[PDB]
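*Asks:* Right, I'll just put the structure down here and ask away after.
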There are 2 protein chains.
Amino acid sequence: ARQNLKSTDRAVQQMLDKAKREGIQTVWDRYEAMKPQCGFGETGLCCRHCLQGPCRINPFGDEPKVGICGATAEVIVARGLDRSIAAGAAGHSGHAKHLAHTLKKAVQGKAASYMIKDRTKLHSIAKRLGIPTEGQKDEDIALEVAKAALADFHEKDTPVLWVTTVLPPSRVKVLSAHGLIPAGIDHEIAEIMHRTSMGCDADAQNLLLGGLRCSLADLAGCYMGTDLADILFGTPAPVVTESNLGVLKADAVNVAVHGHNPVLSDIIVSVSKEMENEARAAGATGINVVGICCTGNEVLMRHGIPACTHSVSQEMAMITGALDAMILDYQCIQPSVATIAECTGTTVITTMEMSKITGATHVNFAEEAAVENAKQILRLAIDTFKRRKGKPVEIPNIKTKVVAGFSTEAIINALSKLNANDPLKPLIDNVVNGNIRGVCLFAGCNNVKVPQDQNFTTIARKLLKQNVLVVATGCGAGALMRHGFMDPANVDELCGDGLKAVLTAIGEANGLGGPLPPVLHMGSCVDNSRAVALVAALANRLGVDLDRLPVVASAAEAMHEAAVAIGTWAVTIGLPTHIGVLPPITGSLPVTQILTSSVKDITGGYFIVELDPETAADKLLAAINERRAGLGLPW
Amino acid sequence: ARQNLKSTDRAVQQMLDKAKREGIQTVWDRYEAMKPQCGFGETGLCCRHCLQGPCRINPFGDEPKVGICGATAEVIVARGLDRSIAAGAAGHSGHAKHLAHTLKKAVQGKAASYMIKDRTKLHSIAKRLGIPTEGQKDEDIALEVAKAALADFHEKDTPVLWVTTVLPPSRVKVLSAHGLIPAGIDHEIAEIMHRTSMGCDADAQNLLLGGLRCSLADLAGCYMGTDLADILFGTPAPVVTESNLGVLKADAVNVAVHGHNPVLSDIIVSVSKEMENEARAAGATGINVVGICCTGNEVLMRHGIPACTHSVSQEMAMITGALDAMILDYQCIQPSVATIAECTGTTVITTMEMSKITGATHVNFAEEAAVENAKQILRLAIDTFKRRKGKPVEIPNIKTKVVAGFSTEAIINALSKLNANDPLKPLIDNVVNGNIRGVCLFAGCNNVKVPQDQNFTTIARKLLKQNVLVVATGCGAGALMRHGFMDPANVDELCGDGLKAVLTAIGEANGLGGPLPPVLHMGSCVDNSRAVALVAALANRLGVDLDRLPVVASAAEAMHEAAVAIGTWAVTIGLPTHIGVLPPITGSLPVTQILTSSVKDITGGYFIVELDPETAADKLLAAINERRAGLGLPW
Ligand code: SF4
Ligand code: SF4
Ligand code: FES
Ligand code: FES
């Protein structure tokens, strides 16, 4: 097979060849077996919301033209999209909610493996929420922050504070005028599921306004998750590590942390260092913890744990034969891992009650027992390492250098070395003088339909040459790190002269004798909220709303419902937002026109649907430059 | 066309002939245009939970055999079912939540059109919840009940009290042992949406246990909705009225209330009597309010408002040409009504912010302005009546007599005339002696796939001849009322000798000089909770759990996600539960075996999937008789 048609990652290509000769089916094989995919589903023109279905509508031609109950294409498309947004928001609800409970347990003395690690962030969040701190114990402040987090999930006397306190007042005012401020996170999720059920909401604009509001519930969960993880585990600062399959070590116990919620995998990291001598007794050099997906991003950002792989290529880590354990929480885990494990020897371990996989070993993680749980898990990994003594492994000797840890606090601190009391001003100065053309956030997944990483790297290369400041999260950050976009040694090759000058000036003032990396890694998918914090801080410093800023987003290879929700809130907060795969909307021209055009008149943002990455880069540059022109800037 | 293949209701048949000659497309025409329906959707073997889809699995044959991410048929089927349960629960969340807010507003002086109408029910609910009443103002008790209702939507120090306080302790204990008690109504809905999103829960048993727990969140919303509606609007007592299209009157202003939440349509009823002379000034005899679906059931149960039609046949009320207005809240409204209105003259009016239909007139109902809103709405109806002066109409002269209003309180009161201080004992006595073989609850919708009412009437006839006490809600009650099953004049024809003797003894002791009707109408779909209250009271009186009682349920023509949720909680509380249409589960034998067999070992209940109604009646009788045998009773 030509493996480069599947993935642009050479380590992935090498493992695809191994999987092929060993007869191990991969995600790419399961995709091929699915073709041709259903065109009703692809276009959004299918409904299964009641037992009179399934209903479908022919995109073109003759009947069927309308659902059995009378639901039009507009209604069917908008209802399906709304449920996808609610599903995305629900994952972020679960992630943030878990962290809120963990913080509450910690400060109540119920979970001594957890603690307040970032006291400053705690007090800053309390202040933003209106919680008094003067003369209060940190534990009581944290109890109040956890209570406020849990309160945002349901209706109360205030709207969702993890929306209204994180966006500029002018933006909150626009959203409120259109009825878009969430009343409660789980409240909005449930209202979406109700209104999209049979015989309820049946007006495309009304449905889509509901979707915008639920996407802000997703934003609140993202921002709440980042806030609470930073309190518990530390706010990221710049770190240096490596990425790709070559971070695996044949002579070590290789343990991947995979999923999203690092609540236990932050603990796995710390415990793994304590069990080094137990690993050495078993014949290993040590325990080598590596990351997959956003749990991997979390521990990369906070501890420099190397990233093994991401998203669509996750099975390939197992194909090496050296992955002794894969420790799972939830979200973005291909359930194929449980069956591949039988072929590769890997011990796959689930840990969360609501996310089990038939055939995997389940360990019932509890914060109250986190260290004990981590030791049980790592001992299974050590046992597995011992079982592969003498077996050959094939780890591609392929890895890149990765500078990461660019939380918004870290970015502001780095800029403060150029201007101590007005840190955003050097960035704004360079936007104004054209050294920085604008900002682009790359976000979201890989998707088996797109050769892995091709859109992220093609678009990023064009933007960087045109002096765009590129930030990235999730598996977009994964794609860019695995292709060298987080290695400062590649600044000369990748970056336009203006951007290079700025990255160099910031780097030299931070004592690096070298530039910042070409792309700034801002963390996990919930950490898209960090990009919101940066952009809102810029808006406040400039006295304008986000829909006037030369800032865009690109979910260039989107897959998960999470990514749909994130793209939708990016639009809702005012950003031009590219999506590089087709969401199921093309079966309705009216819905497509709302999402790509008339929503501009509501929020100032809009979707740019473009599957060709060179064309998408041109459209993103045009959007940036239109914003520059609106501010009276050359472009 | 042979109209009896579409509906067994002769009034519906007559209007189908009119629709045909006038060129007005109906739900049956849109169904025909949809055939053949997609077999992947029919069997449950389709997934659109991420942008790598749509994925499908061939029920039999070759590839595709597995989803792109590795999701098996078991996982795909269970995830789709779970989302349907969550959607059903969300509708009941929205309905109950709305009523909780209405009660709070009323007792805070913010909505003087609303009030505490049933003070006794208020105090009984407060006592069941643990709320003190001694020495407290009714308004403060009601404020506390409304607060407790709203608290059950999110996590707190107690589980959902509208589950744990309404089922016997032994049942709560079984459910708790299996992890099935909901933590919060909207909490469970959101956890379902998370766990069913890509790369999360992927074990069929774990997924389905989550679904059982979310179905109890639906039960809580149902019971909360009935409780609060009874406080606000009165607990039903026996009433006499009529049903079917002949309740429309050519010389009156005909106004249908349609949807679920009678929050405003209870007001419409009261206001309509006040505007009689305005209607007379416009040339009408008066305002004739009639019911459709469960909002219709609500006002039938409390005020004897005649029921025009139900569910699948709702368009036919408009085809008469005499329906001047259709006043909509949410749920079960075919959106085709908005376009048919242009052909029939009817004014279709929406009233709830989250349920609009393109082309309908929207009036923004607010409790604070309910009387004003009702007058605006009824004045549109009067105007419409005037526009049809001189136009012929075709109202089928077909209607039945309906005795209804059998709340659980009403049933207990009726039985108390035979035994004042042990009212359930005469019912139990007659179960023991075989005069009553068991109880069957008919629930749920009609479905265009089934000739309308055919399953409800075929099954009911067989059960009644075998001395089963039949109770009914929703459009199952609608089907039975429209075919004479709520007219005591039909007891001799329909009922076995034992059941007739019991209905007669109760009727004669209630001063009727005649029996209770063949079937007891227990109300709307949320009022399935009343059947739960009756069955739980019987369980408590007998000292056994619900899974030992000779009680079954039949969603004989199910359609809405609501009906899936209700059927699932019927199973979860311990009942054999028939469903007369195919839910999308047959693509997975393991899931089917859980839902129809091994769940017995968890909750004592189980689904009986049977599309042939004669066979379904035999299977329901077998289930009843097995329960009788387990209690040592003849059968
Ligand atoms: S909700 Fe309408 S369009 Fe969807 S399956 Fe049911 S009848 Fe078909
Ligand atoms: S979740 Fe899995 S089965 Fe469903 S659409 Fe995505 S890849 Fe296909
Ligand atoms: S007809 Fe294929 S997605 Fe439903
Ligand atoms: S393939 Fe028809 S329901 Fe998806």
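Along the chain as shown, the residues are counted starting at 1.
So this one's X-ray crystallography, 1.2 Å, going by the header.
Every residue, even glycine, has its Cβ placed from backbone N, Cα and C.
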*Asks:* The [Ni-4Fe-5S] cluster site in Swiss-Prot includes A:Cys294, A:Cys332, A:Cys445, A:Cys475, A:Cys525. Which of A:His194, A:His258, A:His260, A:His578 is also listed there?
*Replies:* A:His260
*Asks:* Given that Swiss-Prot annotates A:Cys47, A:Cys50, A:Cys55 as binding [4Fe-4S] cluster 2, state which candidate in A:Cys69, A:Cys200 belongs to that site as well.
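*Replies:* [4Fe-4S] cluster 2 site check in Swiss-Prot: besides A:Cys47, A:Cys50, A:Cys55, the record includes A:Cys69 out of A:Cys69, A:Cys200.
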*Asks:* Note the Cβ centroid of A:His260, A:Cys294, A:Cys332, A:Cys445, A:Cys475, A:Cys525, the recorded [Ni-4Fe-5S] cluster site, then list each other residue of that chain whose Cβ lies within 8 Å of it, in sequence.
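*Replies:* Apart from A:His260, A:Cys294, A:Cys332, A:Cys445, A:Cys475, A:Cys525, the close residues are A:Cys293, A:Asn297, A:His310, A:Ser311, A:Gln331, A:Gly444, A:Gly474, A:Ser524, A:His560, A:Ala562.
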*Asks:* Specify the count of other C-beta atoms within 10 Å of the C-beta of A:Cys445 ([Ni-4Fe-5S] cluster binding site).
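*Replies:* There are 32 of them.
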*Asks:* Restricting the comparison to the binding-site residues A:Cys38, A:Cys47, A:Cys69, which residue's C-alpha is spatially nearest the C-alpha of A:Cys475 ([Ni-4Fe-5S] cluster binding site)?
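*Replies:* Out of the listed candidates, the nearest Cα belongs to A:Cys38.
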*Asks:* Among A:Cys50, A:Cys55, A:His260, A:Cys475, A:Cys525, which binding-site residues lie by ligand 3, judged by Cβ under 6 Å to any atom?
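*Replies:* Those binding-site residues that pass the cut-off are none, since no Cβ is under 6 Å from ligand 3.
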*Asks:* Considering only the binding-site residues A:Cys46, A:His260, A:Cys294, A:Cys475, which possess a Cβ situated under 6 angstroms from at least one atom of ligand 1?
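*Replies:* Correct list: empty, so none.
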*Asks:* Quick test of understanding: given the binding-site residues A:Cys46, A:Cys55, A:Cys69, A:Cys525, name the ones whose C-beta is under 8 angstroms from chain B.
*Replies:* A:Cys46, A:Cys55, A:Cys69
*Asks:* How would DSSP class A:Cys69 ([4Fe-4S] cluster 2 binding site) in three states?
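*Replies:* For A:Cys69 ([4Fe-4S] cluster 2 binding site) - judged by DSSP and reduced to three states - the answer is coil.
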*Asks:* Inside 10 Å of the Cβ of A:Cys332 ([Ni-4Fe-5S] cluster binding site), count up the other Cβ atoms and send me the figure.
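*Replies:* There are 31 such Cβ atoms around A:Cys332 ([Ni-4Fe-5S] cluster binding site).
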*Asks:* Check the binding-site residues A:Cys46, A:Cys47, A:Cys50, A:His260, A:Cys475, A:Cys525 for any whose Cβ is under 6 angstroms from an atom of ligand 4, and report them in sequence order.
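*Replies:* The ones that qualify, in sequence order, are A:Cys46.
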*Asks:* Going along the chain, which residues six or more apart from A:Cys50 ([4Fe-4S] cluster 2 binding site) have their CB under 8 A from its CB?
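*Replies:* For A:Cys50 ([4Fe-4S] cluster 2 binding site), the qualifying residues are A:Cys69, A:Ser197, A:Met198.
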*Asks:* Which whole-number value in Å describes the distance between the Cα atoms of A:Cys46 ([4Fe-4S] cluster 1 binding site) and A:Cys525 ([Ni-4Fe-5S] cluster binding site)?
*Replies:* 29
